[PDB]
$ cat entry_17.pdb   # PDB, N, CA and C atoms and all ligand atoms
ATOM      1  N   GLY L   1       8.912  -7.493  16.396
ATOM      2  CA  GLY L   1      10.045  -6.762  17.009
ATOM      3  C   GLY L   1       9.882  -5.315  16.616
ATOM      4  N   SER L   2      10.955  -4.594  16.263
ATOM      5  CA  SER L   2      10.800  -3.237  15.700
ATOM      6  C   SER L   2       9.994  -3.341  14.390
ATOM      7  N   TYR L   3      10.352  -4.314  13.543
ATOM      8  CA  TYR L   3       9.593  -4.661  12.344
ATOM      9  C   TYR L   3       8.259  -5.325  12.729
ATOM     10  N   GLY L   4       7.194  -4.963  12.005
ATOM     11  CA  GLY L   4       5.833  -5.483  12.185
ATOM     12  C   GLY L   4       4.859  -4.967  11.117
ATOM     13  N   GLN L   5       4.598  -5.778  10.083
ATOM     14  CA  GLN L   5       3.651  -5.482   8.994
ATOM     15  C   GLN L   5       2.193  -5.477   9.494
ATOM     16  N   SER L   6       1.858  -4.383  10.159
ATOM     17  CA  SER L   6       0.551  -4.033  10.703
ATOM     18  C   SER L   6       0.248  -2.579  10.359
ATOM     19  N   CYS L   7      -0.986  -2.162  10.622
ATOM     20  CA  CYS L   7      -1.488  -0.822  10.362
ATOM     21  C   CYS L   7      -0.659   0.298  11.050
ATOM     22  N   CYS L   8      -0.961   1.547  10.715
ATOM     23  CA  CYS L   8      -0.379   2.751  11.325
ATOM     24  C   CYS L   8      -1.455   3.733  11.789
ATOM     25  N   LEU L   9      -2.722   3.367  11.611
ATOM     26  CA  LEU L   9      -3.855   4.207  11.952
ATOM     27  C   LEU L   9      -4.291   3.997  13.407
ATOM     28  N   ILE L  10      -5.060   4.954  13.902
ATOM     29  CA  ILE L  10      -5.668   4.967  15.227
ATOM     30  C   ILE L  10      -7.104   5.422  15.029
ATOM     31  N   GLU L  11      -8.085   4.708  15.582
ATOM     32  CA  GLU L  11      -9.488   5.122  15.488
ATOM     33  C   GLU L  11     -10.144   5.187  16.872
ATOM     34  N   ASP L  12     -10.572   6.403  17.213
ATOM     35  CA  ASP L  12     -11.104   6.872  18.512
ATOM     36  C   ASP L  12     -10.127   6.683  19.702
ATOM     37  N   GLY L  13      -8.925   6.173  19.419
ATOM     38  CA  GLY L  13      -7.843   5.875  20.355
ATOM     39  C   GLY L  13      -7.376   4.423  20.248
ATOM     40  N   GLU L  14      -8.172   3.536  19.638
ATOM     41  CA  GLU L  14      -7.740   2.171  19.363
ATOM     42  C   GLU L  14      -6.680   2.219  18.260
ATOM     43  N   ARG L  15      -5.415   2.036  18.651
ATOM     44  CA  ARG L  15      -4.298   1.914  17.713
ATOM     45  C   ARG L  15      -4.522   0.624  16.926
ATOM     46  N   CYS L  16      -4.939   0.749  15.672
ATOM     47  CA  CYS L  16      -5.251  -0.356  14.786
ATOM     48  C   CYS L  16      -4.086  -1.363  14.729
ATOM     49  N   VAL L  17      -4.374  -2.635  15.008
ATOM     50  CA  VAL L  17      -3.397  -3.748  15.017
ATOM     51  C   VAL L  17      -3.667  -4.777  13.919
ATOM     52  N   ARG L  18      -4.623  -4.513  13.020
ATOM     53  CA  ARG L  18      -4.882  -5.383  11.866
ATOM     54  C   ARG L  18      -3.626  -5.533  10.969
ATOM     55  N   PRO L  19      -3.446  -6.699  10.313
ATOM     56  CA  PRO L  19      -2.283  -6.972   9.468
ATOM     57  C   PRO L  19      -2.281  -6.070   8.232
ATOM     58  N   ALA L  20      -1.100  -5.572   7.864
ATOM     59  CA  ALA L  20      -0.932  -4.693   6.709
ATOM     60  C   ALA L  20      -0.468  -5.457   5.463
ATOM     61  N   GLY L  21      -1.056  -5.099   4.322
ATOM     62  CA  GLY L  21      -0.706  -5.626   3.003
ATOM     63  C   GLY L  21      -0.065  -4.552   2.127
ATOM     64  N   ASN L  22      -0.433  -4.521   0.847
ATOM     65  CA  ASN L  22       0.017  -3.504  -0.111
ATOM     66  C   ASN L  22      -0.453  -2.068   0.208
ATOM     67  N   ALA L  23      -1.451  -1.911   1.084
ATOM     68  CA  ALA L  23      -2.024  -0.625   1.464
ATOM     69  C   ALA L  23      -1.051   0.229   2.305
ATOM     70  N   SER L  24      -0.993   1.526   1.998
ATOM     71  CA  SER L  24      -0.122   2.510   2.660
ATOM     72  C   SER L  24      -0.809   3.881   2.817
ATOM     73  N   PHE L  25      -0.165   4.831   3.502
ATOM     74  CA  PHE L  25      -0.707   6.144   3.871
ATOM     75  C   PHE L  25       0.071   7.306   3.227
ATOM     76  N   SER L  26      -0.178   7.573   1.944
ATOM     77  CA  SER L  26       0.511   8.675   1.260
ATOM     78  C   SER L  26      -0.041  10.059   1.633
ATOM     79  N   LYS L  27       0.744  11.111   1.361
ATOM     80  CA  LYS L  27       0.349  12.526   1.534
ATOM     81  C   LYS L  27      -0.883  12.972   0.714
ATOM     82  N   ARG L  28      -1.423  12.105  -0.155
ATOM     83  CA  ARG L  28      -2.672  12.348  -0.896
ATOM     84  C   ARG L  28      -3.892  11.869  -0.101
ATOM     85  N   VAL L  29      -3.763  10.758   0.634
ATOM     86  CA  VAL L  29      -4.828  10.162   1.463
ATOM     87  C   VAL L  29      -5.310  11.157   2.519
ATOM     88  N   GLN L  30      -4.355  11.803   3.204
ATOM     89  CA  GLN L  30      -4.561  12.854   4.209
ATOM     90  C   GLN L  30      -5.704  13.818   3.851
ATOM     91  N   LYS L  31      -5.675  14.433   2.662
ATOM     92  CA  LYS L  31      -6.678  15.428   2.243
ATOM     93  C   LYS L  31      -8.105  14.858   2.173
ATOM     94  N   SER L  32      -8.247  13.583   1.791
ATOM     95  CA  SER L  32      -9.535  12.871   1.753
ATOM     96  C   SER L  32     -10.129  12.646   3.145
ATOM     97  N   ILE L  33      -9.286  12.576   4.180
ATOM     98  CA  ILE L  33      -9.694  12.407   5.581
ATOM     99  C   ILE L  33      -9.941  13.778   6.221
ATOM    100  N   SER L  34      -9.064  14.764   5.979
ATOM    101  CA  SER L  34      -9.209  16.148   6.462
ATOM    102  C   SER L  34     -10.537  16.776   6.030
ATOM    103  N   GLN L  35     -10.919  16.595   4.760
ATOM    104  CA  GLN L  35     -12.210  17.044   4.225
ATOM    105  C   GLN L  35     -13.414  16.249   4.781
ATOM    106  N   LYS L  36     -13.187  15.218   5.602
ATOM    107  CA  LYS L  36     -14.212  14.350   6.208
ATOM    108  C   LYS L  36     -14.180  14.350   7.748
ATOM    109  N   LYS L  37     -13.150  14.955   8.358
ATOM    110  CA  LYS L  37     -12.946  15.129   9.812
ATOM    111  C   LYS L  37     -13.182  13.852  10.639
ATOM    112  N   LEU L  38     -12.727  12.710  10.113
ATOM    113  CA  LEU L  38     -12.757  11.416  10.802
ATOM    114  C   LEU L  38     -11.773  11.377  11.984
ATOM    115  N   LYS L  39     -12.051  10.503  12.958
ATOM    116  CA  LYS L  39     -11.228  10.196  14.148
ATOM    117  C   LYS L  39     -10.000   9.311  13.823
ATOM    118  N   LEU L  40      -9.392   9.476  12.647
ATOM    119  CA  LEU L  40      -8.328   8.604  12.125
ATOM    120  C   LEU L  40      -6.915   9.222  12.247
ATOM    121  N   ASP L  41      -6.246   8.981  13.377
ATOM    122  CA  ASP L  41      -4.903   9.513  13.697
ATOM    123  C   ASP L  41      -3.766   8.563  13.248
ATOM    124  N   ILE L  42      -2.503   8.967  13.431
ATOM    125  CA  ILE L  42      -1.301   8.275  12.941
ATOM    126  C   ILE L  42      -0.314   7.894  14.050
ATOM    127  N   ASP L  43      -0.052   6.591  14.137
ATOM    128  CA  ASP L  43       0.938   5.994  15.021
ATOM    129  C   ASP L  43       2.380   6.329  14.605
ATOM    130  N   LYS L  44       2.958   7.271  15.348
ATOM    131  CA  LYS L  44       4.348   7.707  15.207
ATOM    132  C   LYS L  44       5.353   6.757  15.877
ATOM    133  N   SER L  45       4.921   5.790  16.697
ATOM    134  CA  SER L  45       5.785   4.820  17.404
ATOM    135  C   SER L  45       6.604   3.951  16.441
ATOM    136  N   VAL L  46       5.950   3.333  15.448
ATOM    137  CA  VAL L  46       6.637   2.533  14.404
ATOM    138  C   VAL L  46       7.149   3.420  13.249
ATOM    139  N   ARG L  47       6.831   4.729  13.270
ATOM    140  CA  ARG L  47       7.182   5.758  12.265
ATOM    141  C   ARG L  47       7.084   5.257  10.809
ATOM    142  N   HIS L  48       6.022   4.501  10.514
ATOM    143  CA  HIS L  48       5.768   3.836   9.226
ATOM    144  C   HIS L  48       4.426   4.260   8.623
ATOM    145  N   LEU L  49       4.232   3.999   7.328
ATOM    146  CA  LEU L  49       3.064   4.440   6.551
ATOM    147  C   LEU L  49       2.280   3.263   5.946
ATOM    148  N   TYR L  50       2.214   2.119   6.626
ATOM    149  CA  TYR L  50       1.410   0.962   6.203
ATOM    150  C   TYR L  50       0.024   0.991   6.835
ATOM    151  N   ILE L  51      -0.999   0.462   6.163
ATOM    152  CA  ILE L  51      -2.351   0.348   6.731
ATOM    153  C   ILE L  51      -2.930  -1.039   6.459
ATOM    154  N   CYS L  52      -3.885  -1.460   7.280
ATOM    155  CA  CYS L  52      -4.622  -2.694   7.056
ATOM    156  C   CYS L  52      -5.662  -2.506   5.935
ATOM    157  N   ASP L  53      -6.018  -3.593   5.246
ATOM    158  CA  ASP L  53      -6.966  -3.518   4.126
ATOM    159  C   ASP L  53      -8.398  -3.134   4.561
ATOM    160  N   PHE L  54      -8.733  -3.358   5.838
ATOM    161  CA  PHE L  54      -9.997  -2.936   6.447
ATOM    162  C   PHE L  54     -10.078  -1.400   6.439
ATOM    163  N   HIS L  55      -9.005  -0.733   6.883
ATOM    164  CA  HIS L  55      -8.889   0.727   6.808
ATOM    165  C   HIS L  55      -8.721   1.239   5.368
ATOM    166  N   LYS L  56      -8.063   0.480   4.476
ATOM    167  CA  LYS L  56      -7.971   0.835   3.046
ATOM    168  C   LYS L  56      -9.368   1.014   2.440
ATOM    169  N   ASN L  57     -10.286   0.070   2.688
ATOM    170  CA  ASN L  57     -11.666   0.196   2.208
ATOM    171  C   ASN L  57     -12.383   1.370   2.891
ATOM    172  N   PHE L  58     -12.201   1.593   4.197
ATOM    173  CA  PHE L  58     -12.876   2.674   4.931
ATOM    174  C   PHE L  58     -12.691   4.054   4.279
ATOM    175  N   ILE L  59     -11.452   4.430   3.943
ATOM    176  CA  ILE L  59     -11.158   5.712   3.270
ATOM    177  C   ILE L  59     -11.661   5.713   1.805
ATOM    178  N   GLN L  60     -11.812   4.542   1.182
ATOM    179  CA  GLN L  60     -12.405   4.401  -0.156
ATOM    180  C   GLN L  60     -13.950   4.450  -0.094
ATOM    181  N   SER L  61     -14.554   4.089   1.042
ATOM    182  CA  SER L  61     -15.995   4.177   1.298
ATOM    183  C   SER L  61     -16.487   5.625   1.293
ATOM    184  N   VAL L  62     -15.728   6.576   1.859
ATOM    185  CA  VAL L  62     -16.120   8.007   1.859
ATOM    186  C   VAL L  62     -16.136   8.681   0.473
ATOM    187  N   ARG L  63     -15.646   7.986  -0.564
ATOM    188  CA  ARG L  63     -15.673   8.400  -1.980
ATOM    189  C   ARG L  63     -16.863   7.793  -2.743
ATOM    190  N   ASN L  64     -17.490   6.773  -2.157
ATOM    191  CA  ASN L  64     -18.647   6.055  -2.681
ATOM    192  C   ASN L  64     -19.940   6.608  -2.049
ATOM    193  N   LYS L  65     -20.980   5.777  -1.909
ATOM    194  CA  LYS L  65     -22.289   6.165  -1.386
ATOM    195  C   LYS L  65     -22.936   4.984  -0.658
ATOM    196  N   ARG L  66     -23.610   5.242   0.472
ATOM    197  CA  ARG L  66     -24.362   4.222   1.243
ATOM    198  C   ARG L  66     -25.545   3.590   0.476
ATOM    199  N   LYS L  67     -25.917   4.120  -0.697
ATOM    200  CA  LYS L  67     -26.947   3.535  -1.569
ATOM    201  C   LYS L  67     -26.345   2.359  -2.351
ATOM    202  N   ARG L  68     -26.836   1.148  -2.055
ATOM    203  CA  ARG L  68     -26.526  -0.133  -2.724
ATOM    204  C   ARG L  68     -26.717  -0.073  -4.253
ATOM    205  N   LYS L  69     -26.243  -1.106  -4.958
ATOM    206  CA  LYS L  69     -26.364  -1.268  -6.417
ATOM    207  C   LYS L  69     -27.006  -2.611  -6.772
ATOM    208  N   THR L  70     -27.592  -2.685  -7.966
ATOM    209  CA  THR L  70     -28.113  -3.938  -8.541
ATOM    210  C   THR L  70     -26.964  -4.813  -9.056
TER
HETATM  211 ZN    ZN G   1      -6.130  -0.296  10.290
END

$ encode --input "entry_17.pdb" --output "structure tokens" --more "lines below"
Ligand SMILES: [Zn+2]
Amino acid sequence: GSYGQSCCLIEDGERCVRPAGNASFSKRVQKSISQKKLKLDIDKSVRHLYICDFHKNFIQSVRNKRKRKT
């Protein structure tokens, strides 16, 4: 209904519909995306700050490295 524990992100125009958990979109997350110029916009329709755990890892991936570990 108006309530819906799902994401608030948009990627390339696909309004993310993955289920939302403990993950959210604080004013600190923004700067990590701005410094990376990703296609990750914000759904103002539900006017909420929840994200799916798939997107939670994505913004945490840009702080890591594509080089694997032992
Ligand atoms: Zn998402």

$ axis_aligned_box --input "entry_17.pdb" --around "region 32-37 of chain L" --padding-each-side "6 Å" --output "lines of an AutoDock Vina configuration file"
center_x = -11.2
center_y = 14.7
center_z = 6.2
size_x = 18.0
size_y = 16.6
size_z = 20.9

$ closest_residue --input "entry_17.pdb" --among "L:2, L:14, L:63, L:51" --to "ligand ZN 1 (chain G)" --atoms "all atoms listed in the file"
L:51

$ residues_near_ligand --input "entry_17.pdb" --ligand "ligand ZN 1 (chain G)" --cutoff "7 Å" --atoms "all atoms listed in the file" --output "ChimeraX atom specification"
/L:6-10,15-19,51-56

$ atom_distance --input "entry_17.pdb" --atom1 "CA of residue 3 (chain L)" --atom2 "CA of residue 46 (chain L)"
8.0 Å

$ atom_distance --input "entry_17.pdb" --atom1 "CA of residue 1 (chain L)" --atom2 "atom N of residue 57 (chain L)"
25.8 Å

$ resolve_selection --input "entry_17.pdb" --expression "the PyMOL selection byres (((chain L and resi 49) around 6.5) and not hetatm)" --output "PDB file with N, CA and C atoms, keeping the file's coordinate frame"
ATOM      1  N   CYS L   8      -0.961   1.547  10.715  1.00  0.00           N
ATOM      2  CA  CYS L   8      -0.379   2.751  11.325  1.00  0.00           C
ATOM      3  C   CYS L   8      -1.455   3.733  11.789  1.00  0.00           C
ATOM      4  N   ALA L  23      -1.451  -1.911   1.084  1.00  0.00           N
ATOM      5  CA  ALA L  23      -2.024  -0.625   1.464  1.00  0.00           C
ATOM      6  C   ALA L  23      -1.051   0.229   2.305  1.00  0.00           C
ATOM      7  N   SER L  24      -0.993   1.526   1.998  1.00  0.00           N
ATOM      8  CA  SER L  24      -0.122   2.510   2.660  1.00  0.00           C
ATOM      9  C   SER L  24      -0.809   3.881   2.817  1.00  0.00           C
ATOM     10  N   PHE L  25      -0.165   4.831   3.502  1.00  0.00           N
ATOM     11  CA  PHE L  25      -0.707   6.144   3.871  1.00  0.00           C
ATOM     12  C   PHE L  25       0.071   7.306   3.227  1.00  0.00           C
ATOM     13  N   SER L  26      -0.178   7.573   1.944  1.00  0.00           N
ATOM     14  CA  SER L  26       0.511   8.675   1.260  1.00  0.00           C
ATOM     15  C   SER L  26      -0.041  10.059   1.633  1.00  0.00           C
ATOM     16  N   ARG L  47       6.831   4.729  13.270  1.00  0.00           N
ATOM     17  CA  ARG L  47       7.182   5.758  12.265  1.00  0.00           C
ATOM     18  C   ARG L  47       7.084   5.257  10.809  1.00  0.00           C
ATOM     19  N   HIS L  48       6.022   4.501  10.514  1.00  0.00           N
ATOM     20  CA  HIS L  48       5.768   3.836   9.226  1.00  0.00           C
ATOM     21  C   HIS L  48       4.426   4.260   8.623  1.00  0.00           C
ATOM     22  N   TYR L  50       2.214   2.119   6.626  1.00  0.00           N
ATOM     23  CA  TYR L  50       1.410   0.962   6.203  1.00  0.00           C
ATOM     24  C   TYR L  50       0.024   0.991   6.835  1.00  0.00           C
ATOM     25  N   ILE L  51      -0.999   0.462   6.163  1.00  0.00           N
ATOM     26  CA  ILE L  51      -2.351   0.348   6.731  1.00  0.00           C
ATOM     27  C   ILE L  51      -2.930  -1.039   6.459  1.00  0.00           C
TER      28      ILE L  51
END

$ select_by_dssp --input "entry_17.pdb" --residues "chain L" --states "strand (DSSP E or B)" --output "PyMOL selection string"
chain L and resi 6+9-11+14-15+19-24+40-42+50-52

$ resolve_selection --input "entry_17.pdb" --expression "the PyMOL selection byres (((chain L and resi 39) around 7) and not hetatm)" --output "ChimeraX atom specification"
/L:10-13,36-38,40-41

$ atom_distance --input "entry_17.pdb" --atom1 "CA of residue 66 (chain L)" --atom2 "CA of residue 22 (chain L)"
25.6 Å

$ decode --input "entry_17.pdb" --residues "region 1-24 of chain L" --atoms "N, CA and C atoms" --output "compact mmCIF listing (two decimals), in the first residue's frame"
# COMPACT_ATOMS: atom_id res chain seq x y z
N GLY L 1 0.89 -1.19 0.00
CA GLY L 1 0.00 0.00 0.00
C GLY L 1 0.90 1.21 0.00
N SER L 2 0.60 2.27 0.76
CA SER L 2 1.56 3.38 0.92
C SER L 2 2.84 2.83 1.57
N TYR L 3 2.68 2.01 2.62
CA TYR L 3 3.77 1.27 3.24
C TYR L 3 4.27 0.16 2.30
N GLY L 4 5.60 -0.02 2.26
CA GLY L 4 6.29 -1.03 1.45
C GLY L 4 7.80 -1.06 1.71
N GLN L 5 8.25 -2.00 2.54
CA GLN L 5 9.67 -2.23 2.87
C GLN L 5 10.46 -2.77 1.66
N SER L 6 10.75 -1.86 0.75
CA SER L 6 11.53 -2.02 -0.47
C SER L 6 12.51 -0.86 -0.58
N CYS L 7 13.43 -0.96 -1.54
CA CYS L 7 14.46 0.02 -1.82
C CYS L 7 13.91 1.44 -2.11
N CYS L 8 14.80 2.42 -2.20
CA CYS L 8 14.50 3.81 -2.58
C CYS L 8 15.41 4.30 -3.71
N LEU L 9 16.29 3.43 -4.20
CA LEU L 9 17.25 3.76 -5.23
C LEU L 9 16.67 3.53 -6.63
N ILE L 10 17.32 4.13 -7.61
CA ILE L 10 17.02 4.02 -9.04
C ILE L 10 18.36 3.83 -9.73
N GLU L 11 18.49 2.83 -10.61
CA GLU L 11 19.72 2.62 -11.37
C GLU L 11 19.45 2.54 -12.87
N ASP L 12 20.04 3.50 -13.59
CA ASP L 12 19.88 3.83 -15.02
C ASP L 12 18.42 4.18 -15.43
N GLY L 13 17.51 4.18 -14.46
CA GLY L 13 16.08 4.44 -14.58
C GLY L 13 15.23 3.31 -14.01
N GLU L 14 15.81 2.12 -13.80
CA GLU L 14 15.12 1.03 -13.12
C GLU L 14 14.98 1.40 -11.64
N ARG L 15 13.77 1.80 -11.24
CA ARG L 15 13.44 2.05 -9.83
C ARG L 15 13.54 0.72 -9.10
N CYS L 16 14.60 0.54 -8.32
CA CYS L 16 14.90 -0.68 -7.59
C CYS L 16 13.69 -1.12 -6.74
N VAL L 17 13.25 -2.36 -6.92
CA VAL L 17 12.09 -2.97 -6.21
C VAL L 17 12.51 -4.12 -5.30
N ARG L 18 13.82 -4.36 -5.12
CA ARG L 18 14.32 -5.36 -4.18
C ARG L 18 13.85 -5.07 -2.73
N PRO L 19 13.63 -6.12 -1.91
CA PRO L 19 13.15 -5.97 -0.53
C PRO L 19 14.20 -5.27 0.34
N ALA L 20 13.74 -4.37 1.21
CA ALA L 20 14.61 -3.61 2.11
C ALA L 20 14.67 -4.23 3.51
N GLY L 21 15.88 -4.26 4.06
CA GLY L 21 16.17 -4.72 5.42
C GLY L 21 16.61 -3.56 6.32
N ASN L 22 17.61 -3.81 7.17
CA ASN L 22 18.22 -2.80 8.03
C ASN L 22 18.94 -1.66 7.28
N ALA L 23 19.24 -1.84 5.99
CA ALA L 23 19.94 -0.87 5.16
C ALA L 23 19.09 0.38 4.86
N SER L 24 19.72 1.55 4.94
CA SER L 24 19.10 2.87 4.71
C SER L 24 20.05 3.84 3.99
